[PDB]
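> Next input, structure requested:
(chains A, B, C, D, E, F and G)
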Amino acid sequence: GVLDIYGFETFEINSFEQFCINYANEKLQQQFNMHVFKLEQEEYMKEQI
Amino acid sequence: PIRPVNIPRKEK
Amino acid sequence: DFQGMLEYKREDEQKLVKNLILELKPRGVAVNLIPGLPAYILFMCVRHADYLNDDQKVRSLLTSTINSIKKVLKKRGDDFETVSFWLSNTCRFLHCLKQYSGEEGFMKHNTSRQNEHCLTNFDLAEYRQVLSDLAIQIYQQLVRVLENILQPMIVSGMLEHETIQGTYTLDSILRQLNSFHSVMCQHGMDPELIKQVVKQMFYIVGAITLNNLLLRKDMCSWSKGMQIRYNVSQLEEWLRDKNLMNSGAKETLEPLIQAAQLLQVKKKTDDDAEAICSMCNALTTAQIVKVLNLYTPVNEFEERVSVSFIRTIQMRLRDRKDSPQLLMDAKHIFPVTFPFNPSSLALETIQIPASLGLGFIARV
Amino acid sequence: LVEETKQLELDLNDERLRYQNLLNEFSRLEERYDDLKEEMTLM
Amino acid sequence: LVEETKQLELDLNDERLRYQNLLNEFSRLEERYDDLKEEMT
Amino acid sequence: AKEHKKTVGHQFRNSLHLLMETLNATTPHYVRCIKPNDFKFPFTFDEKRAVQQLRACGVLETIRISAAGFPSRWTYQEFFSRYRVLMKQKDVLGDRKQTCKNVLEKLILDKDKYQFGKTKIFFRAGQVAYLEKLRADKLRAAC
Amino acid sequence: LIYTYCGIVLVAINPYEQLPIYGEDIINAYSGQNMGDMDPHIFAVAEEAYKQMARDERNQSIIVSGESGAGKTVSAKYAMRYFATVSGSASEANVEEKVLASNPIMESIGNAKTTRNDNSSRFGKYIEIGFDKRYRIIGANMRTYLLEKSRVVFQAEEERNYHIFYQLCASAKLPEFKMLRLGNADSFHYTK
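Numbers count the residues shown, from 1 in each chain, chains lettered A, B, ... in the order given. And now the structure:
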């Protein structure tokens, strides 16, 4: 699955759609952070460190 | 019969 | 004196061919003695049928032989020795058919005793064309198999390995090439065919190396240029061992040599840039600009390539108008030809061995 | 000799490449024909 | 020079005839494959 | 009537939940593009566009987080090949692991600076630059 | 260079040019290669996705974020082309050809010109590509999220409505559209 969503874009004027965009991007960033943390501990436990 | 094969006969 | 007529039961003719083709294996020492026992036997049986003047029987024999060879290439095409031996068989069959079909051009350099064995009843030039087509097909299959074997070999052996003057080294490649050359020598390749195959494999390995070095940036170091050039040397005296400088593999190699020299040459001054443009004739402007763009200073003294140098290179060689392709054709196959090589073997004196178990093949 | 041989051998090599490619598609169609034979033997 | 030119022209003719014959046989094999595919489908 | 009762924000939340579950059920890969300039003409880079788009992407936060730990990693064979100059002949032995660890300990006093591993040694920010500077100085002095 | 590894992340720069770095020769060169050994490219992450299919046999995800339709759409199309080339299934390859040719239709009906980009994605898209036991493609799936509401009826200065409106307005001269009584784009309030 490929996901295509515009990133953290804030226009000059904000709206409900723009806030939803920002919140969805923040949720995506949260998923990113948690998964990369999972993978980095995965590799840290793969090796003896 | 995948390849059409003919046999030419020599003329002595 | 027996001329070598090969008498057999026609009803079990198929058994005959599957005794000569399907059941026979290249590992047999009997065929290993004189390269081409199946070819000589098949040709002499065809000649005996010509004595019998049985067009239908020889037609069936040739069709069955071709079908069985195709079936072997299908089921056992992966085996390098098997396909090499069958290529030997096909080449010798073609040469024998040329030598005694009845074309005086072939008997221009044939002994009178051999001329006495020439067929007279009928000709098989169209059969010769079909045989040549099958020879081209088996040659292509052999090239594919060799490439498949060599594909994972080159990257580790050539670039990843650090030459000292799943792990593969330069000596591993040399041993593989020596084994291959021995395999073709024992099977009975025509030496010109050997030269062509060696040229093909050298082109393949050179193209793979060029593509890998062009796609990798870290691998591109001035230090590794000496290693690349030294390996190219090692290969060229390997060719000197087989005395195949006439083959032309070095001509396939100069793109790699030019890339290595360009990497080794200093790129500070445009006066050197013009010399580089002059010498780097084989490689197109695309690879040149790419390799200059991706160059990396391994040590402190070395410096990155100036954009002005890039502009000078681009403007000087714009007159070449080269193609925009970046990577060499890894799957390219050079055209292959089969020059006629006469055989001095005495056809009648050749006898079947006991190992093959050709009891139903009576010699007259 | 080199000039004339290269001049005609350019076209010779092109035609030989086409010949070899045609043999390649013949091999592919032979594989397809074998698949069809296997399917027929399935029934 | 004359002999080589004649030989090369003969080779050109041979290449042309082989090319055309293979084109015709390719068409025939395509027809056979298409017919077998239609019979299967 | 349930869909009409559900607001646009509620439907957006439900869609986000569905795609979130879909993503969590799969293994993700991440690619990001940065617009170099507003004028859009090819091959031209502006610092302002890059910094604002990096602030938006927040890549710098991941960069600094990895910098806090041991971002740089070096393979034993890789380290020996790169640092043969700083490698001493007397300390050269068959096993490059212990020898390179000892050489690193001699060169770098603080243990926390480097992280020993089974295959690669991990480093903090300054050690790569420090070692490269020492290697360059030694090489140029010898030459 | 446009591509660069940032940890597991890949980063690219919009070059506004058609560089030949997307040749299928390069695509097959990227095949059967370990991660990061080649220079950075989305071909590398696609190969890593297939490697993860081989190892863990769990579904893959590739996410692109940043500027709307700057490198996102083109990169996704490159990834689709890579997948189609690697699989090499004639009917399935036709399926991804249909998907690629359709991408303009969803661009027309869901994307519009903006100040940031004249071809900018105005909605979240998600494309699934199925795989059988042979790891070969067998089908595709479309999903959409968070389509802009104001764009349908409101268009900012120098910003257009969905491309489909203007595309049909300029093509209103076709005989089959004649009974639609459609004029130019300026003849309608949703496009002027």
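
> for chain G, what are the nearby residues on chain F?
Of all the residues in chain F, those in contact range of chain G (CB under 8 Å from any CB of the partner chain) are F:8, F:12, F:15-16, F:19, F:22-23, F:25-36, F:40-43, F:45, F:53, F:56-57, F:59, F:62-63, F:66. The way it works is simple: take the backbone N, C-alpha and C, and place the C-beta from them, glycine included.

> what about burial for these, which qualify?
Neighbour counting with 16 or more other CB atoms under 10 Å in any protein chain shown marks F:12, F:15-16, F:19, F:22-23, F:26-36, F:53, F:56-57, F:59, F:62 as buried within the residues of chain F next to chain G.

> Of these, which belong to helices?
The subset of those located in helices under the criterion DSSP state H comprises F:12, F:15, F:16, F:19, F:22, F:23, F:53, F:56, F:57, F:59, F:62.

> was I right about the second one contacting residue G:146?
Read that as residue F:15. Yes - using CB atoms under 8 Å, residue F:15 makes contact with residue G:146 at a distance of 6.9 Å.

> What spatial separation is found between residue G:166 and chain A?
21 Å (CB to the nearest CB, to the nearest Å).

> meant to ask about residue C:211, not that
Counting by CB to the nearest CB, the gap from residue C:211 to chain A is 28 Å.

> ok, and the closest non-adjacent residue to that residue?
Beyond its immediate neighbours in the sequence, the residue positioned closest to residue C:211 (CB to CB, 6 or more residues apart in numbering or on different chains) is residue C:327, lying 4.9 Å away.

> Angles on the backbone of that neighbour, please.
phi -110, psi 140 (degrees, to the nearest 10).

> Around chain C, pick out the residues from chain G.
By CB under 8 Å from any CB, the part of chain G that sits against chain C consists of G:1, G:20, G:21, G:23, G:25, G:26, G:28, G:29, G:37, G:38, G:39.

> Could you find the closest non-adjacent residue to the third one?
Excluding its sequence neighbours, the residue lying closest to residue G:21 (CB to CB, 6+ apart) is residue G:41, at 7.0 Å.

> State which one residue of the stretch 1-150 of chain C is found closest to chain A.
Across the stretch 1-150 of chain C, no residue is closer to chain A than residue C:148, which sits at 32.3 Å (CB to the nearest CB).

> Helix or strand: which one has that residue?
helix C:125-154 (DSSP states H and E).

> orientation of the helix or strand that comes right after that helix relative to helix C:125-154 in degrees?
Next along the chain after helix C:125-154, taking DSSP H and E as the criterion, comes helix C:170-187. Regarding helix C:170-187 and helix C:125-154, their directions subtend 160 degrees when assessed with axes from the mean of the first three to the mean of the last three CA atoms, to 10 degrees.

> Flag every buried residue along the helix or strand just after helix C:170-187.
Per DSSP H and E, helix C:170-187 leads on to helix C:191-215 as the next helix or strand towards the C-terminus. Under the neighbour-count criterion of 16+ other CB under 10 Å, helix C:191-215 has C:193-215 buried.

> do you know how far residue C:231 is from residue C:363?
Note on residue C:231: its distance to residue C:363, by CB to CB, to the nearest Å, is 53 Å.

> now residue G:135
Between residue G:135 and residue C:363 the distance is 57 Å, computed by CB to CB.

> Looking at the two, which is more packed in?
residue C:363 (16 against 12; other CB atoms under 10 Å in any protein chain shown).

> Tell me who's in contact with the more buried one.
Listed by CB atoms under 8 Å, 6 or more residues apart in numbering or on different chains, the contact set of residue C:363 reads C:2, C:4, C:5, C:6, C:351, C:352.

> do residue G:32 as well
With contacts defined as CB under 8 Å, 6+ apart, residue G:32 is in contact with residue G:47.

> Can you list phi and psi of it for me?
When read as degrees, to the nearest 10, the backbone of residue G:32 gives phi 60, psi 40.

> so how many other residues sit close to residue F:103?
Around residue F:103 sit 19 other residues, with neighbours defined as other CB under 10 Å.

> Kindly confirm my reading that it forms part of a helix.
Yes - under the criterion used here (DSSP: H, G, I helix; E, B strand; the rest coil), residue F:103 sits inside a helix.

> what about the longest helix in chain G?
When every helix of chain G is counted residue by residue (DSSP H), the longest turns out to be helix G:90-110.

> correct me, but residue C:348 touches residue C:40?
No - with contact defined as CB under 8 Å, residue C:348 does not count as touching residue C:40 (10.7 Å).

> Which of those two has more residues huddled nearby?
The residue with more neighbours, out of residue C:348 and residue C:40, is residue C:40; 22 against 16, by other CB under 10 Å.

> mind listing what the more buried one touches?
C:34, C:92, C:96, C:345, C:347, C:350.

> and with 6 Å instead?
Neighbouring residues of residue C:40 by CB atoms under 6 Å, 6 or more residues apart in numbering or on different chains: residue C:350.

> Can you give me the separation between it and chain D?
Here residue C:40 is placed at a distance of 27 Å from chain D (CB to the nearest CB).

> again, but for residue A:16
Applying CB to the nearest CB, one obtains 58 Å for the distance of residue A:16 from chain D.

> With residue C:325 instead?
In this structure, residue C:325 and chain D are 16 Å apart, going by CB to the nearest CB.

> In contact with the closest residue to chain A within chain D, which residues?
Checking chain D residue by residue against chain A with CB to the nearest CB singles out residue D:28 as nearest, at 32.0 Å. By CB under 6 Å, 6+ apart, residue D:28 lies in contact with nothing.

> any idea which helix or strand carries it?
Residue-wise, residue D:28 maps onto helix D:2-42 under DSSP H and E.

> Would you mind getting the angle between that helix and helix C:125-154?
Using the same axes, to 10 degrees, one finds that helix D:2-42 and helix C:125-154 are set 90 degrees apart in direction.

> Just give me how far helix D:2-42 sits from the chain centre.
Computed by CA atoms, centre = their mean, to the nearest Å, the chain-centroid distance of helix D:2-42 equals 0 Å.

> go on, stretch C:167-179?
A distance of 17 Å separates the C-alpha centroid of stretch C:167-179 from that of its chain, computed with CA atoms, centre = their mean.

> Nearest to chain E: which residue in the stretch 1-150 of chain C?
Among all residues of the stretch 1-150 of chain C, residue C:129 sits closest to chain E, at 7.6 Å; criterion: CB to the nearest CB.

> just how off-centre is stretch G:101-121 within its chain?
Centre-to-centre, stretch G:101-121 and its host chain are 10 Å apart (CA atoms, centre = their mean).

> Flag every buried residue along that stretch.
Of all the residues in stretch G:101-121, those buried under the rule 16+ other CB under 10 Å are G:103, G:106-108, G:110-114, G:116-117, G:119-121.

> just to revisit the earlier point, list the ones among the residues of chain G next to chain C that fall in strands.
For these, not one is inside strands, with DSSP state E as the criterion.

> Only whichever of the residues you listed are buried, select them in PyMOL.
For anyone working in PyMOL, the buried entries among the residues of chain G next to chain C, judged by 16+ other CB under 10 Å, can be selected with:
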select buried, chain G and resi 21+25+26+28+29+38+39
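
> For the residue nearest to residue G:21, the count of nearby residues, please.
Using other CB under 10 Å, residue G:41 has 23 neighbouring residues.
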